[PDB]
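Each remark here refers to the structure printed beneath this line.
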Amino acid sequence: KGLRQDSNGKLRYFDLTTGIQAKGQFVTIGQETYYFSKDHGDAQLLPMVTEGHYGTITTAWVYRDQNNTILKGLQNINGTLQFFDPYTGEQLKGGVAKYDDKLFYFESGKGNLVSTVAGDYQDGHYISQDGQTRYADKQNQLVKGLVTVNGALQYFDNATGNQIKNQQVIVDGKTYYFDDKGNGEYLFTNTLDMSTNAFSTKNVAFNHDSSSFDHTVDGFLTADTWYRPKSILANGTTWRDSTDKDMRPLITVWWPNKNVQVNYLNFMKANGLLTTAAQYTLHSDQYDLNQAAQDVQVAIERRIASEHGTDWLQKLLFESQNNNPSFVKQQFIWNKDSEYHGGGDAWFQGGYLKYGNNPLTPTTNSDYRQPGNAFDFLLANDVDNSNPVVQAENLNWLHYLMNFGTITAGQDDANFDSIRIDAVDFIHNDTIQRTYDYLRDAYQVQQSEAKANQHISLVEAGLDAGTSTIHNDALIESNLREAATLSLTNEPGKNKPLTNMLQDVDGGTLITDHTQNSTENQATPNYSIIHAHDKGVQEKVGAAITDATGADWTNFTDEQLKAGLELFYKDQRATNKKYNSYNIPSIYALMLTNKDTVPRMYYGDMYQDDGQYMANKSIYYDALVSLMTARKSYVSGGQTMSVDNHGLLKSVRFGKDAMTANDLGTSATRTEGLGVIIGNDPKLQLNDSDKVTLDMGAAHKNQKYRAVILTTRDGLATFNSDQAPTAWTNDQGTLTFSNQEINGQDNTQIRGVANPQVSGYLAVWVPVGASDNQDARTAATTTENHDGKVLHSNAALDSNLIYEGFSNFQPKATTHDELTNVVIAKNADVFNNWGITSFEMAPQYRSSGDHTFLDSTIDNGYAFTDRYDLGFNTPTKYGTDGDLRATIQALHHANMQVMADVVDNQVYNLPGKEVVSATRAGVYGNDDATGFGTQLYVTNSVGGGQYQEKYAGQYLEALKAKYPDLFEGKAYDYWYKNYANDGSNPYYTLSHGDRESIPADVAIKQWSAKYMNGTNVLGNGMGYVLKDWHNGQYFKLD
Ligand SMILES: OC[C@H]1O[C@H](OC[C@H]2O[C@H](O)[C@H](O)[C@@H](O)[C@@H]2O)[C@H](O)[C@@H](O)[C@@H]1O
Ligand SMILES: OC[C@H]1O[C@H](O)[C@H](O)[C@@H](O)[C@@H]1O
Ligand SMILES: [Ca+2]
Ligand code: NA
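Mapping of the sequence shown onto the authors' numbering: residues 1781 to 1838, 1847 to 2826, in sequence order.
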């Protein structure tokens, strides 16, 4: 058998196991690779091409020889068969070429020849028939089997002609994947059958007990597994019964596919264990591959004897040799290539794996894992917030945070008062609804504005957070940030008109209208920002790093951050800004004077990260101080806003108790109210007769005004007392400006300017004569609410002001006194004096430090393992637990409430391993259609830490006794955002929820996969948990 000469001297081949003649295929025998004809089966020697190197031409691959000439057609290169266009010599990858008047497929990875294709079709058409898709050829006949259709590899079931979509399929000993559109790719070539010989039978496992195998997880075997065989070939010579000390690697005796087996033989050859000129390819006869593996095993046993051990073998197969990835990691099925990272729905970390169920994984299965919101995955280990036990644990943690001082040191003035729900749209609605009911039970926020306004909570979303807007349990983000991004933050010539600032609209739904706002309790309670720790900041700091160093987020060091931050602030301080927003003061002037919003100041707009906390003031500092100071003293009453014929935005507040322009107001009103004039065109010039007006209203006739902000040539002049330039209203309450100075006072004229602080125009005007302690704010009342809403947008809510008190890119403290939390406490009275009523602290959880995302590289507190560790023993980035308690006390003693950033979405760096069923998925929690399919997967899912062990579940029995309502099932409503098909505006419908009852007697002392929805991709591959790929059956120990 094998290669046999016929009666006319011609060569033919017969498969060494089956005896079938080779026709229309390639076969590697000895050192040589032959083709055998599809007609008579006549051999053809394909010359081995060694030397040369892979090339480029204008943009594709070729291969050039020893004499630098470009090779064409079929080529036998170092044990692979490749095809190069017969004219340009451009390498074919992922397609078919004709040879011997039939079709062969060359895979998309390396262009290797891997299989036969039945036909290639261009002229047929798809049909829908008996509930299926099929393909009919040019004679209207159904096409069957593995084919190409219009250049795409596809498969149609042989019996029916039904097209296969979203499945892995075995065709003639090769495994492919066909995506959601039926488009195909090669995965691997299968092994035929294992050596049934006496040698192989000695290699069978001693038994199926766990003591016979290692590197196992939950009873499953992995690529790293070593095992005890029945017998051992001691010394390379003598079969003996194995002992309990004999262990050998499973991948010396068994391979998941042919590609791995061939790669193994060649690797071993290259490292001394096989001496031969024989070539091992995908076209080698399986018999010869099986035999050569046995010869490798002989040589291993000889070396095990010489070395008195297996430590050399551990290294050879499983560790990086010469900077190269290990043998295991070189294989497709054991690396990230078989996980198909990325895609549009893979927002971070290369995308996600979603957990499912499997009969063999009872300890990781779940009856839950529904997203219950519009998004699901984002980062790291995604917490299943639909799970009843997890929802209880969320109440436990919330309780812990809201009583942190009481619990850790008996200090009742050192507890958080409100929350931020981080990544709200990525957690199940039941947990959000239940969280709001907790705040209701604990603080009676629903009773009146006086209770609600003591606990002003917020979420990271707009109107889409339907559980947050249905009863206005928390503030949503207004559309101001997005609107200002269109009309103010861009360079000259890239801003839209300011008419987009007149209404606050979220996908066509009105949040509040500024044009003529004389009402109260109409607007959706909201916060307005321009920047945040993660809104409009990273991307720009990243561009700065790159011009500065060459690095970016995927590779940057601590020195490179510092270098990037130097360039960042240098840019920020110039007129012409390569990376920074324009018109920041003007945007803050809008934020701080608009009616029906609670503004939130960002730390980073006031201070610079090229210094320690609060050390370096930003260029915008004086202007934002001046704006906060004037808001406290003057801003109350109604609003009007319009854009005039010169493009200038004119905004007026009338002052306390004046809702309209025609309101005569009361005696408090006369010295309150203000006027704001903004332009976004730095070349604005008025003619000599043009006027710009502010209609201050009927309470402000014949009245002197004074500047708070004026645009100057170089920047902005700021004034915090009545010693400033002045101007007078006429008998209707109108202020009138022009291109002339008023009474010779510099910077009172209207004109476009370009400087570091403004690109267009900014002025702010307040009535003269306020007392030194005038406070235009409105106190909350104890009056009972009757409309079902927790928060109401009115003068009292408008009187609050939030401070986001951190940045991602702040540096590490070098001393106690530099720690953020120690500096905050010391500066408490500064915040109170600015009118901050809510201090939003960073998340205080200890960072995982694992560098798998930005959060765990600059250690901001969003990426943690132990969510109860708030700086016990050694500090977080911001301080120790004792510092945190002192900060909360200091803020409370300066009349602020303090907000806890509650991060229910994920947990990082859980070192303990488990096995779970997994499929590729995106942020929406939709199954992606990838070659990974659905595989059992070794996840990093078990852990938590010392404070979770100490505190998780500890308060549940007492919470159930005090607020039993929280542990019951409950019916509820919420708004749901729908996207229209025809590209018109999203629209809101009312959804119904029914949360489940939850238990008080199961604690989550450590995370594990049964409490998780999934994980970011880990790079182990589609086949690191071992199975028989012929029938799909996992190896599992009993
Ligand atoms: O390194 C030799 C290599 O050169 C070409 O492929 C390069 C590169 O092409 C794709 O991006 C693949 O995904 C990579 O794995 C490849 O290394 C030839 O096409 C290939 O035949 C050869 O191995
Ligand atoms: O060309 C249009 C499409 O028609 C059918 O839906 C086929 O299943 C698909 O493979 C093809 O892409
Ligand atoms: Ca989630
Ligand atoms: Na509290």
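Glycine included, every Cβ here is placed at the ideal spot set by N, Cα and C.
Exercise for the section: Spatial neighbours of residue 2106 within its chain, please: CB distance less than 7 Å, with the 5 preceding and 5 following residues excluded, ordered by chain position. Expected result: On the sequence shown, position 318 is the one that residue 2106 refers to. Counting only Cβ-Cβ distances below 7 Å, and skipping sequence neighbours, we find 2012, 2114, 2116.
Exercise for the section: Go ahead and pull the three-state DSSP assignment for residue 1923. Expected result: Against the sequence shown, residue 1923 aligns to sequence position 135. Of the three classes helix, strand and coil, the one that applies to residue 1923 here is strand, per DSSP.
Handout entry: residue 2477 (DSSP reduced to helix, strand or coil)
Key = Translated into the one-based positions of the sequence shown, residue 2477 becomes position 689. In the structure shown, residue 2477 sits in coil (DSSP, three-state: anything other than H, G, I, E or B).
Practice task
From the DSSP output, read off the bridge partner residues of residue 2715.
Solution key: Locating residue 2715 in the sequence shown gives position 927, where the first residue counts as 1. Looking at the DSSP assignment, residue 2715 forms a beta bridge with 2709.
Exercise for the section: Indicate, with yes or no, if ligand 1 has a heavy atom lying under 6 Å from the CB of residue 2817. Expected result: One-based indexing of the sequence shown puts residue 2817 at position 1029. The answer is no for residue 2817.
Problem - DSSP-derived helix/strand/coil call for residue 2755 - result: In the sequence shown, counting from the first residue as 1, residue 2755 sits at position 967. Residue 2755: helix per DSSP, three-state reduction.
Practice task
Run the proximity test for residue 2782: is its beta-carbon closer than 6 Å to any non-hydrogen atom belonging to ligand 3?
Solution key: The residue labelled residue 2782 in the question sits at position 994 within the sequence shown. Incorrect: residue 2782 has no Cβ contact closer than 6 Å to ligand 3.
Problem - ligand 6 heavy atom lying under 6 Å from the CB of residue 1860 - result: This structure does not include ligand 6; its bound ligands are ligand 1, ligand 2, ligand 3 and ligand 4.
Problem - Three-pair Cβ contact test at 8 Å for the segment 2277-2286 versus the segment 2403-2411 - result: no
Exercise for the section: Please state if the CB of residue 2336 and the CB of residue 2355 are separated by a distance shorter than 7 Å. Expected result: Taking the sequence shown and counting its residues from 1, one reaches residue 2355 at position 567. Taking the sequence shown and counting its residues from 1, one reaches residue 2336 at position 548. Taking 7 Å as the Cβ cut-off, residue 2355 and residue 2336 qualify as a contacting pair.
Handout entry: Reduced DSSP category for residue 1848 - H, G, I as helix; E, B as strand; rest coil
Key = Your numbering for residue 1848 matches position 60 in the sequence shown. Of the three classes helix, strand and coil, the one that applies to residue 1848 here is strand, per DSSP.
Problem - Start-end ranges of the beta strand (DSSP E) lying completely within the segment 2085-2128, minimum 3 residues - result: none
Practice task
Note down the Cα distance separating residue 2096 from residue 1891, rounded to an integer number of angstroms.
Solution key: If you number the sequence shown from 1, residue 2096 lands on position 308. If you number the sequence shown from 1, residue 1891 lands on position 103. In a straight line, the C-alpha of residue 2096 is about 52 Å away from that of residue 1891.
Problem - the segment 2412-2428 in contact with the segment 2356-2371 per 3-pair CB rule at 8 Å - result: no
Practice task
Can you tell me which of the three DSSP states residue 2226 falls into?
Solution key: To locate residue 2226, count along the sequence shown from 1; it is residue 438. Reduced to three states, the DSSP call for residue 2226 is helix.
Problem - residue 2581 (DSSP reduced to helix, strand or coil) - result: As a first step, residue 2581 is located in the sequence shown; it is residue number 793 there, counting from the start. Here residue 2581 sits in coil by DSSP.
Problem - residue 2457 and residue 2438 closer than 7 Å at C-beta - result: Position 669 of the sequence shown, counting from 1, holds the residue named residue 2457. Position 650 of the sequence shown, counting from 1, holds the residue named residue 2438. Cβ distance not < 7 Å, so residue 2457 and residue 2438 don't count as in contact.
Practice task
Indicate, with yes or no, if ligand 2 has a heavy atom lying under 6 Å from the CB of residue 1951.
Solution key: Along the sequence shown, read from residue 1 onward, the residue named residue 1951 stands at position 163. Indeed, a heavy atom of ligand 2 lies less than 6 Å from the Cβ.
Problem - Near ligand 1: residue 2764 beta-carbon under 6 Å from a heavy atom - result: In the sequence shown, counting from the first residue as 1, residue 2764 sits at position 976. No, the Cβ of residue 2764 stays beyond 6 Å of every heavy atom of ligand 1.
Exercise for the section: Name, in chain order, the residues that DSSP records as bridge partners for residue 2515. Expected result: Here residue 2515 is taken as the residue at index 727 of the sequence shown, counted from 1. Answer by DSSP bridge pairing, in chain order: 2493.
Handout entry: Nearest candidate by alpha-carbon position, reference residue 2657, set 2589, 2625, 2740
Key = Residue numbering aside, residue 2657 sits at position 869 when the sequence shown is read from its first letter. Among 2589, 2625, 2740, the Cα nearest to that of residue 2657 belongs to 2740.
Problem - Paired residues, beta bridge with residue 1908 - DSSP - result: The count along the sequence shown starts at 1 and reaches residue 1908 at position 120. DSSP output for residue 1908 lists 1936 as bridge partner(s).
Handout entry: Whole runs of the alpha helix (DSSP H) within the segment 2005-2054, excluding any shorter than 4 residues
Key = none
Practice task
Specify the secondary structure class of residue 2426 as computed by DSSP and reduced to three states.
Solution key: Within the sequence shown, the letter at position 638 stands for residue 2426. It is coil, neither helix nor strand.
Practice task
Confirm the yes/no value for this check: CB of residue 1914, any heavy atom of ligand 2, distance under 6 Å.
Solution key: If you number the sequence shown from 1, residue 1914 lands on position 126. Yes, the beta carbon of residue 1914 sits closer than 6 Å to at least one heavy atom of ligand 2.
Problem - residue 2676, buried or exposed, once every other Cβ within 10 Å from all chains shown has been counted against 16 - result: On the sequence shown, residue 2676 is found 888 positions in, with the first residue counted as 1. Buried: at least 16 other Cβ atoms inside 10 Å.
Exercise for the section: Measure how close the beta-carbons of residue 2547 and residue 2470 come, nearest whole angstrom, since I'm counting them as under 8 Å. Expected result: In the sequence shown, the residue the question calls residue 2547 occupies position 759. In the sequence shown, the residue the question calls residue 2470 occupies position 682. That pair is a contact at about 5 Å.
Problem - DSSP state of residue 2621 mapped onto helix, strand, coil - result: Indexing the sequence shown from 1 puts residue 2621 at position 833. Helix, per DSSP.
Exercise for the section: Look at the alpha carbon of residue 2635 and the alpha carbon of residue 2024, and state the distance between them as a whole number of angstroms. Expected result: The residue labelled residue 2635 in the question sits at position 847 within the sequence shown. The residue labelled residue 2024 in the question sits at position 236 within the sequence shown. Spanning the two alpha carbons is a distance of roughly 52 Å.
Practice task
Specify the secondary structure class of residue 2365 as computed by DSSP and reduced to three states.
Solution key: Indexing the sequence shown from 1 puts residue 2365 at position 577. Reduced to three states, the DSSP call for residue 2365 is coil.
Practice task
Would you tell me roughly how many angstroms separate the C-alpha atoms of residue 2410 and residue 2328, rounded to the nearest one?
Solution key: Your numbering for residue 2410 matches position 622 in the sequence shown. Your numbering for residue 2328 matches position 540 in the sequence shown. If you take the alpha carbons of residue 2410 and residue 2328, they lie about 23 Å apart.
Problem - Of the residues 1826, 1829, 2716, 1859, the one placed nearest residue 1837, counting alpha carbons only - result: Taking the sequence shown and counting its residues from 1, the one referred to as residue 1837 is at position 57. Looking at the Cα atoms, 1859 is the closest of the given residues.
Practice task
Starting from residue 2379, follow the alpha helix (DSSP H) in both directions and report where the run begins and ends.
Solution key: As a position in the sequence shown, residue 2379 is number 591, starting the count at 1. Its alpha helix (DSSP H) spans residues 2372-2381.
Handout entry: beta-carbon residue 2689 near ligand 4 non-hydrogen atom, thresh 6 Å
Key = On the sequence shown, position 901 is the one that residue 2689 refers to. No; taking the cut-off as 6 Å, the Cβ of residue 2689 has no heavy atom of ligand 4 nearer than that.
Exercise for the section: Could you tell me how far apart the beta carbons of residue 2140 and residue 2805 are, in whole angstroms, since I believe they sit closer than 8 Å? Expected result: Sequence index remark: in the sequence shown, residue 2140 carries index 352 (1-based). Sequence index remark: in the sequence shown, residue 2805 carries index 1017 (1-based). At roughly 7 Å, the Cβ-Cβ gap stays under 8 Å, so residue 2140 and residue 2805 are in contact.
Practice task
Kindly examine ligand 2 and report whether one of its heavy atoms sits closer than 6 Å to the Cβ of residue 2117.
Solution key: For the purposes of this step, residue 2117 is identified with residue 329 of the sequence shown, where counting begins at 1. No, since every heavy atom of ligand 2 falls outside the 6 Å radius drawn around the Cβ of residue 2117.
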